[PDB]
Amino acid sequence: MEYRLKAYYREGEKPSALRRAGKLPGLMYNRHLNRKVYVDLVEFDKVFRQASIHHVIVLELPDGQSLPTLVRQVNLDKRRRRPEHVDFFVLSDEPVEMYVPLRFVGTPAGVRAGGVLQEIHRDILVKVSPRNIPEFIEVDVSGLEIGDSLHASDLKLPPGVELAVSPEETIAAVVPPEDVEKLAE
């Protein structure tokens, strides 16, 4: 899934003025470029709600140029729920680190035994070329027995995608019942 968004450059125009004018200040960069830009907040909110930091957002620049990007950061004005600044990591020719969602599948054999399944991670940090960005990484936990742990090194990675975290990183585990992470009593 890929998205589009119109971006415009900026120089002297003050951030507070831009925000006031319904625009969101921000900037795009990579080992090659760095340029101050801005985008309409409503457009962004609409787009980011679908792309987040997992899908490529194509920025339509004034110079008719288009840049494939990934949202790297969104500074929220403290004391509210609203973006005050955003970073766009411009995808290039080299691989990049990024967060891919994990899609857990299957019921742990240890869960059939009354065990408790715990998904420690929701997303995983992997390294990959913009060409091979995966939509999600499926994770089958049907094998987990009470007291087991699926580690990053256990994840079945797509061709081109590799771990950007320690192989020993715990992705999931199945723990024994009778309270095993506090008990609402």
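Residue indices: 1-based, along the sequence shown.
For the pair 105-113 and 81-89, the record assigns the higher mean C-alpha temperature factor to 105-113. Comparing 62-70 with 125-133, the higher mean C-alpha B-factor in the PDB entry belongs to 62-70.
The entry assigns its greatest Cα B factor, within the set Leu33, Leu144, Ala152, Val37, to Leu144. In the PDB entry, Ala21 places in the middle third of its chain by CA B-factor. Residue-level temperature factors show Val174 in the highest third of its chain, judged at the C-alpha atom.
The entry lists a Cα temperature factor for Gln118 that places it in the highest third of the chain's modelled residues. Per-chain ranking of the deposited C-alpha B factor places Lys46 in the highest third.
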